[PDB]
Amino acid sequence: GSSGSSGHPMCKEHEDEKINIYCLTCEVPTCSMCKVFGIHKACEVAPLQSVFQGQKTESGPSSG
Ligand SMILES: [Zn+2]
Ligand SMILES: [Zn+2]
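Spelled out as structure tokens, the structure:
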């Protein structure tokens with residue numbers, strides 16, 4: 045009706061990969077390998093741990 049069971053979102057690229065970090069730009073909970081070794085470079089990932097206000101992305105250049 046309205047309520048129901050729901051699991052955790054898994055990275056689209058890696059069907060079998062427990063999400064480690066969460067993306068902001070696109071607003072999608074993706075892994076880190078996709079951010080450091082993927083297309084999620086220009087995006088802004090944060091420490092899923094807490095994910096407090098303010099960006100924490102310094103290491104890693106941003107591509108077009
Ligand atoms: Zn992204
Ligand atoms: Zn991934």
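Position in the sequence shown counted from 1, then plus 44, gives you the numbering used here.
Note that CB positions come from ideal geometry on N, CA and C, so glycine has one too.
Please say whether residue j and residue i have beta carbons closer to each other than 8 Å?
{"i": "residue 65", "j": "residue 53", "result": "no"}
{"i": "residue 107", "j": "residue 79", "result": "no"}
{"i": "residue 68", "j": "residue 87", "result": "yes"}
Report the partner residues of residue i according to the DSSP bridge assignment.
{"i": "residue 67", "result": "89"}
Quick test of your reading: residue i and residue j, contact by CB under 8 Å. State the CB separation rounded to the nearest angstrom.
{"i": "residue 89", "j": "residue 76", "result": "7 Å"}
{"i": "residue 82", "j": "residue 57", "result": "7 Å"}
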